[PDB]
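Before any questions on binding or motion, here is one chain by itself as structure tokens, the form deposited without this ligand.
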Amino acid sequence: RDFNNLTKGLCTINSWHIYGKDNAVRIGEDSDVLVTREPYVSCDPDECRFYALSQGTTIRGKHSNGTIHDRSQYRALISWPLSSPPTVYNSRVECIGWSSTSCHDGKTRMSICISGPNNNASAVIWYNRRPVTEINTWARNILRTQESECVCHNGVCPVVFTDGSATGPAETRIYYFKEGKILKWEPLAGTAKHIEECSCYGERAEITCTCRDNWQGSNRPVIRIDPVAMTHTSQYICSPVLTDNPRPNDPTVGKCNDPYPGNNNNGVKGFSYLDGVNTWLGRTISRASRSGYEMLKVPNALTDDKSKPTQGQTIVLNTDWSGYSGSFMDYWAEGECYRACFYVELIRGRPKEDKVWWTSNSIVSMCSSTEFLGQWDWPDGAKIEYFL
């Protein structure tokens, strides 16, 4: 009942442990499970929940033929209990739309959904289950946002939005909201060239997002936000350990304020926890496909342009599919520091498994441990052949 404030620093990440896995596509072969994609996790003062953009069909239903398409009037942001599947009967609709972000401010939740045609789309900001604010497209070419949770400090919750070309310069703005109302907005500043899908976290009153340059870098851009002064900056992660996908081989030296060239016009949503020596970067194992997933500790990745890994942990092996990943923490857990967590989308169906007509996913999430725990790999686990 009073606003949350980013008081603590991150605990030290010596390894990762399972947090949630829902086995959605497995159980969807014989249950009324919704078709989704763009998943993420967000916590309330009293519970943590799984989130996704629905496609408005079940996996086994006939209107699943066609759900590879990204934007439509039948998608919505839904949430369901931790480690359960997105079922028709157990899901809660947050807002209607095909791009989204959501966070709790300590008092209540803000969710944002965008719908529209490509050239005349709008966002409407819901606070405490009601509509309060709406924003129309400014550059008229697919107004989009984070597709993962936002973060708040004493009432002000910043959200990044891009509008325009995915393949050239675009127009990006950071909006600062408080109780659903706009307090201020700014256009992108600093050296990042293109922004798409930021994954954010906060600690000691500052917010760090790791985004996706779709235009030209294979290294990732970082926006650092100060929620009290309401300002930001961008840079790229210095380290030569490249984490977009597709990507060239990792070099010996990296780039701090310019894109690393090699692949143009394509990518994936990813994240990193940037904390001096305690820094871990997540990435696909395949340099060409969204397959496999690994976590790599690369001390000072943001600043040291010659930093190489020191420790690692395999989350999904290279023979199984992965997808989008993002960052969340439970800011209301008891303790001296915030425990870092993440999720990875495990996509099944088209384009790669084109033997079915649908595209859906399950989720795995992980949080950190100060211990050095042994690892296991966490694949989706369905057999596509049962759906034929």
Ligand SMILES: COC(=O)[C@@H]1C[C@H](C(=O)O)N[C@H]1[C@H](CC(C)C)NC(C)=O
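Quick note: we count residues from 1 along the sequence shown, nothing fancier.
Same protein, other form: the form solved in complex with this ligand, not shown, and the subject of what follows.
Student: Please check if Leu302 has a heavy atom lying within 4.5 Å of any heavy atom of this ligand in the entry with it bound.
Tutor: Because no heavy atom of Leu302 falls inside 4.5 Å of this ligand in the entry with it bound, the answer is no.
Student: Decide whether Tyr324 counts as a contact residue for this ligand in the entry with it bound under a heavy atom distance cut-off of 4.5 Å.
Tutor: Contact check for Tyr324: yes, within 4.5 Å of this ligand in the entry with it bound.
Student: Using a 4.5 Å heavy atom cut-off, state whether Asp32 contacts this ligand in the entry with it bound.
Tutor: So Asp32 does not count as contacting this ligand.
Student: Given that the partner is absent here, does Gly270 sit within 4.5 Å of this ligand in the entry with it bound, heavy atoms only?
Tutor: No, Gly270 stays farther than 4.5 Å from this ligand in the entry with it bound.
Student: Tell me, please, which stretch of 229-237, 70-78, 180-188, 255-263 lies within 4.5 angstroms of this ligand in the entry with it bound when heavy atoms are compared?
Tutor: Among the candidates, contact is made by 70-78.
Student: Which of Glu203, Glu196, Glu149, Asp275 has a heavy atom within 4.5 Å of this ligand in the entry with it bound?
Tutor: Exactly one listed residue reaches within 4.5 Å, namely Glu196.
Student: Can you pick out, from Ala166, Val132, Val156, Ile96, the residue that has a heavy atom within 4.5 Å of this ligand in the entry with it bound?
Tutor: Contact with this ligand in the entry with it bound is made by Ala166 alone.
Student: Output the sequence-ordered list of residues from 131-147 with at least one heavy atom within 4.5 Å of this ligand in the entry with it bound.
Tutor: Read in sequence order, the residues that approach this ligand (within 4.5 Å, in the entry with it bound) are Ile142, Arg144, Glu147.
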